[PDB]
């Protein structure tokens, strides 16, 4: 029996290696296999990965006439001491078990141990949609020991920045992913002490042209369409009135349609500002012709009682586009 080569029954494996002295170093490597989903309303993401640990234990040494190592599956884990890592700020997670538990242990003649397992985790990521669709988000995944302070266990990246590998075809449907890297930082708990924490960081971006074409293009076209009425004969009331009112109706349908297709986040975003400013421009263009028609009617009635282009149209033909151009300059200087 291979488990008799390790004196299992001859040691207390409820205490750590080196108990009573300096802390035992434990080195970590990570391989990311995929990014599974993201939730914008609930603000979290899901990832699948391999986690590997390295440490030394002299109680595990066995004699050999060679330099061959022995390999075990997850049934040995409950018989020896292993590190207790957990994921900070996570909502749910599990270890894969088909067709059997996805756990491996390899033990060297001198007591060096490698511990490997496959896991899926869902973690939180606070997001800010104030600059949507031009926003940028940063997320992280964090790794920590549950019960051992830095005085008993010293956790570190085994090879620095070479300790993280990512799959060549990692991708998300609605985001672009860039800039993977690792960091470390000490954290403090008033109940027990100081602990080491490791981080995995990355950044997300959207596709800007899709949103430009889908939202900003039609609004601008409808605003430009509402200026056509300034060049139409003011005596054609049955053609001036329906045009303005239908233009309002079209802009309202566009805004409702856009609202139905964005994530349900209930506070004010940049695209909303653009859309409602354009709606106000369309409203003002109807008020203009109302004024013109009233004034013309008054003039005609006065002339008959006593017995060309109106100035408002001439000024509006210049003033409306200039003000829209100035709004656009300010908006795009502010939101980049």
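Residue numbers count along the first chain shown, from 1. Whichever C-alpha set is largest while still superposing within 1.5 Å between the two forms counts as the rigid core.
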Open item on the list: Which segment is farther from the shown form on average in 9 other deposited structures of this protein after a rigid core fit, 182-190 or 233-241, going by CA atoms?
Closed with: 233-241
Open item on the list: Between 262-270 and 166-174, which one shows the bigger average Cα displacement from this form in 9 other deposited structures of this protein once the rigid core is aligned?
Closed with: 262-270
Task: residue 43 dropped in a third or more of the other entries - done: no
Task: Cross-entry absence of residue 306, a third or more of other PDB entries - done: yes
